[PDB]
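Undergrad: First piece of the complex, coordinates kept as in the full assembly:
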Amino acid sequence: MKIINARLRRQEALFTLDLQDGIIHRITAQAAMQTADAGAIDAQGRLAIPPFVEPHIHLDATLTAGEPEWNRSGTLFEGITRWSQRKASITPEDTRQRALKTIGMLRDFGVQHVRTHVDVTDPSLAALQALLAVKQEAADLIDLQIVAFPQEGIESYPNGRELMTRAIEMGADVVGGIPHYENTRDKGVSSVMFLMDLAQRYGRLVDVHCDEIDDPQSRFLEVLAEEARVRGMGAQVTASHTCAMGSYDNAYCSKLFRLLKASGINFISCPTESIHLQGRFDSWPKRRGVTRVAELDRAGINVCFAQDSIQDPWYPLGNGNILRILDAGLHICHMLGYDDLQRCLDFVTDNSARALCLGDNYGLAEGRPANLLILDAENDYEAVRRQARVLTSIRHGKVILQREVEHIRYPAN
């Protein structure tokens, strides 16, 4: 299949992309606009990018907001209580139906790579069973990674170490954790030691809910980064949230950055989720509660944005559109400078792909899989400013989604 008149990120020239056998066969700069022969897609000067990535979402909990009760306080902790209640009625088929519906939303907005956390603090591991099957069933739309996520703690929940182990042995791709939620500081530390041992023993990736709390004493990130560094696993390890970093002592944080850089770990921020869940224990002034995204990025540290929740016990909105999350993140993290906006798509594509260790299975380069979108915009700035629609989504060389370009009529002239 041929795509002509396509823009590529941060370049002026138009390109033709030749897709064959499910991979990108050739990419070639054109002289100017050209005409689509039969069986050629004309991108019409629109941007072609690799697919959006959703590197952190809770598909087991998606679409359960209000069941059986609402999170009245809007806090992380009440959300956990509400989820605990909903867990009483989770079945594999219930999980499957909700997850597939949310996957449809992600697909509608150009997401082809998803990393989902699944709560394994449930002796039945019902949601895990369902999502391991969804991974197979939904492969025509997405590549799904599954994180074994001990929502109620590893050290603090009955048989927590055993449940994490079962989940990894069943084939969860990523080992999770929640050290700030363990009952004591010492158990928070030992949970990190366990999960890293587990990840290393089974050769899995790591993605830990790390310091998702406004307490400036929540410093489990240093433990994770140092284990990553010592074990030589940096690239395989992601720290999600790190909200407490947004409240750290600045002298400590400056020291910390040396280790963060040295460890080579990745960071995920969920700005719409954290703006909603953080700052709840302040009066006024009210902190933003988001990690230091701009600063990590300027230090050469890989950071990206994620939606986290869609209509679940923690977050009542969500429609699958990662560009809305990008917009929120640039605002809250003070990244609306000219240079930030010229490359802002990094934070929902390339950086996220690096966090998920997609390697050569991602990106527009000859020889890589033919997975791409055509966006209704010419560049990064216009993409975020207009919240550009995904006009075409192509997966394994096939068109899986097509939108018409919006047309507004003015009947009164």
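TA: Received, thanks. Residues are numbered from 1 along each chain as shown, chains lettered A, B, ... in the order given.
Undergrad: Okay, domains of chain A per the record?
TA: Using curated CATH domains, the domains assigned to chain A come out as A:1-51+A:361-405, A:52-360.
Undergrad: Could you dump those into a markdown table and include distance to residue A:411?
TA: Yep, even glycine has a C-beta here, placed from its N, CA and C like the rest. Putting the domains of chain A into a markdown table (distance: least, C-beta to C-beta, whole Å) gives the following:
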| stretch | distance to residue A:411 |
| --- | --- |
| domain A:1-51+A:361-405 | 19 |
| domain A:52-360 | 29 |
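Undergrad: so which of those is the most packed in?
TA: domain A:52-360 (a mean of 20; mean count of other C-beta atoms under 10 Å).
Undergrad: Work out the gap between it and the centre of the chain.
TA: 8 Å (C-alpha atoms, centre = their mean, to the nearest Å).
Undergrad: where does residue A:147 land in three-state SS?
TA: strand (DSSP: H, G, I helix; E, B strand; the rest coil).
Undergrad: Sorry, slip of the keys, the one I care about is residue A:334.
TA: Criterion first, three-state DSSP; result for residue A:334: coil.
Undergrad: so it makes contact with residue A:292?
TA: No - the pair residue A:334 / residue A:292 is not scored as a contact, 10.2 Å apart, by C-beta atoms under 8 Å.
Undergrad: related to what we said a few turns ago, residue A:413: which of the domains of chain A is closest?
TA: The closest of the domains of chain A to residue A:413 is domain A:1-51+A:361-405. By C-beta to C-beta, the value is 21.3 Å.
Undergrad: And the closest one, end to end?
TA: Domain A:1-51+A:361-405 has its terminal residues 21 Å apart, counting by C-alpha to C-alpha, to the nearest Å.
Undergrad: Measure how far it is from the centre of its chain, please.
TA: Put simply, domain A:1-51+A:361-405 sits 23 Å off its chain's centre (C-alpha atoms, centre = their mean).
Undergrad: Also stretch A:403-413?
TA: The chain centroid and the centroid of stretch A:403-413 are separated by 34 Å under C-alpha atoms, centre = their mean.
Undergrad: Report the buried residues of that stretch.
TA: Residues of stretch A:403-413 include none that count as buried (16 or more other C-beta atoms under 10 Å).
Undergrad: Other residues contacting it?
TA: A:376, A:389, A:390, A:391, A:392 (C-beta atoms under 8 Å, 6 or more residues apart in numbering).
Undergrad: then add chain B to what we have above:
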Amino acid sequence: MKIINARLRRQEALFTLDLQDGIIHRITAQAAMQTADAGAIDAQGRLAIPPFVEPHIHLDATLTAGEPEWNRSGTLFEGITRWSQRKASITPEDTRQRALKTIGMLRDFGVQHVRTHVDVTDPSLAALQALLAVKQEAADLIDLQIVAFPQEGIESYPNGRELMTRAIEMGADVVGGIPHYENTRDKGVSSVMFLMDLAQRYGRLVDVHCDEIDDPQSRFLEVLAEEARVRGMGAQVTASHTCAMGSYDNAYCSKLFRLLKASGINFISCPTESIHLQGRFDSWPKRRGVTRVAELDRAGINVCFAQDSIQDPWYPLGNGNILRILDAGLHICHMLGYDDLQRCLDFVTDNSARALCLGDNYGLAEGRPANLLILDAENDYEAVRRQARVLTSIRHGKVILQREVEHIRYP
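TA: Adding chain B to the chains above:
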């Protein structure tokens, strides 16, 4: 013209809206999802609302981002510097062309009511002249209100008082102000006294940029509210921004609220603008810098949301879509409760209309102007969740915008 099968806000019932001679002739409850007759518009269970309002925007500065230099710090103060530079080459034609294009964006997203601030710290009053003209020219799309806004201060700029007076004489609807930017506290206070005298003498509305700064000592709001209360002009008065309130001592703020309630003034918050401009002088933790929107609303005080800027020396983004602003404000102000979401369109429709004193010229009631939208959603919650598109905009009983319903194909 007849619209059938329309949802109205916060009800499950279906309605027919009958429009004649530019007004809403009849609103009738239906007993079913009806088959449409040849002439009728079938809303198909979609929500009909009065138009979105943009109660605070700077049209004179719109689409000037980067001219002649960028706001590198992303601060309110550098923004004023860059604007001062851009103002050096502002002309009426320049203002008119940019303002019309942004008005086009606002129209595209269902905005029919707009209050623009115009910088009158300019002895040529170029932008004001242009916008007074645009108010008439663009009346087929929007009802525009103009605020005489002394960007560089009243007491603090050469002939500031005389320029404010001249701007009002020329026909500005609203008297503006910027007390926290005056050079001393005492001059901030005197500027409020002057601007209230000016508004009261010429019978104009008031809308002040009030305490747009993270300084907890910035307390001009109390002076503004007290003057409003004493003069009996609360309903005519609006305080825009009030970012400092998000940093006030809490005992003081609790006391202040009694005055805010008694004064009857309105509040406008610009969440995307403030999240961008505020908190710049903190390290960590970093404050939100937005006023106490949820608290004002719970105290029965009228508050609403606005875009503030579209691609200007203060804010590099913007596309005219007020629903994105609503989204931002609900998140940043911690108003994502179930109850909040069920009525969240208040903050970009009814509340804003109240701030602009639109009265019976606004709202879906018999006898009122046939100005309304059909949104691609059934209720407030879905409208903000999906960022619902405006499918139809009707003004004075005529369709002025039509969008196709989006249809995704899956091959």
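Undergrad: once more on the contacts of stretch A:403-413, with chain B this time?
TA: The contact list for stretch A:403-413, computed with C-beta atoms under 8 Å, 6 or more residues apart in numbering or on different chains, reads A:376, A:389-392, B:108, B:140, B:395, B:398-404, B:406-409.
Undergrad: end to end, how far does that stretch reach?
TA: Across stretch A:403-413, first to last residue, C-alpha to C-alpha, it's 26 Å.
Undergrad: Select only the buried ones of the contacts of stretch A:403-413 in ChimeraX?
TA: Here is the ChimeraX command that picks out the buried ones among the contacts of stretch A:403-413, judged by 16 or more other C-beta atoms under 10 Å in any protein chain shown:
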select /A:376,389,390,391,392 /B:108,395,399,400,401,402,403
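Undergrad: Is chain B within reach of stretch A:268-281?
TA: Yes - applying C-beta under 8 Å from any C-beta of the partner chain, one finds stretch A:268-281 in contact with chain B at A:272, A:275, A:276, A:279, A:280.
Undergrad: Any idea how far apart the tips of that stretch sit?
TA: 23 Å.
Undergrad: try stretch A:222-241
TA: Termini of stretch A:222-241 sit 14 Å apart (C-alpha to C-alpha).
Undergrad: what's the answer for stretch A:260-271, then?
TA: This stretch, stretch A:260-271, spans 21 Å end to end (C-alpha to C-alpha).
Undergrad: can you pull the contacts of the residue of the stretch 1-150 of chain A found nearest chain B?
TA: Closest residue of the stretch 1-150 of chain A to chain B, C-beta to the nearest C-beta: residue A:70 (5.4 Å). Residues in contact with residue A:70 (C-beta under 8 Å, 6+ apart) are A:82, B:338.
Undergrad: Okay, and it sits in which element?
TA: Per DSSP states H and E, residue A:70 falls between elements, in no helix or strand.
Undergrad: try residue A:133
TA: Judged by DSSP H and E, residue A:133 forms part of helix A:126-137.
Undergrad: now swap in residue A:323 and tell me
TA: Per DSSP H and E: residue A:323 is located in helix A:322-332.
Undergrad: what does residue A:86 give?
TA: Using DSSP H and E, residue A:86 sits within helix A:76-87.
Undergrad: CA atoms only for the next helix or strand after that helix, dumped as CSV, please.
TA: Downstream of helix A:76-87, the first helix or strand assigned by DSSP H and E is helix A:92-108. C-alpha atoms of helix A:92-108 as CSV (Å, rounded to 0.1, in the frame of the first residue of the first chain):
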residue,chain,number,x,y,z
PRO,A,92,-13.8,-13.1,34.1
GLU,A,93,-16.6,-12.3,31.7
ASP,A,94,-17.4,-8.9,33.4
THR,A,95,-13.7,-7.9,33.2
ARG,A,96,-13.5,-9.1,29.5
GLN,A,97,-16.6,-7.1,28.4
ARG,A,98,-15.5,-3.9,30.1
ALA,A,99,-11.9,-4.1,29.0
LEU,A,100,-12.8,-4.7,25.3
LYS,A,101,-15.2,-1.7,25.3
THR,A,102,-12.3,0.5,26.7
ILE,A,103,-9.9,-1.0,24.2
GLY,A,104,-12.4,0.1,21.5
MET,A,105,-12.1,3.7,22.8
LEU,A,106,-8.3,3.5,22.7
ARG,A,107,-8.4,2.1,19.2
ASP,A,108,-10.7,5.0,18.1
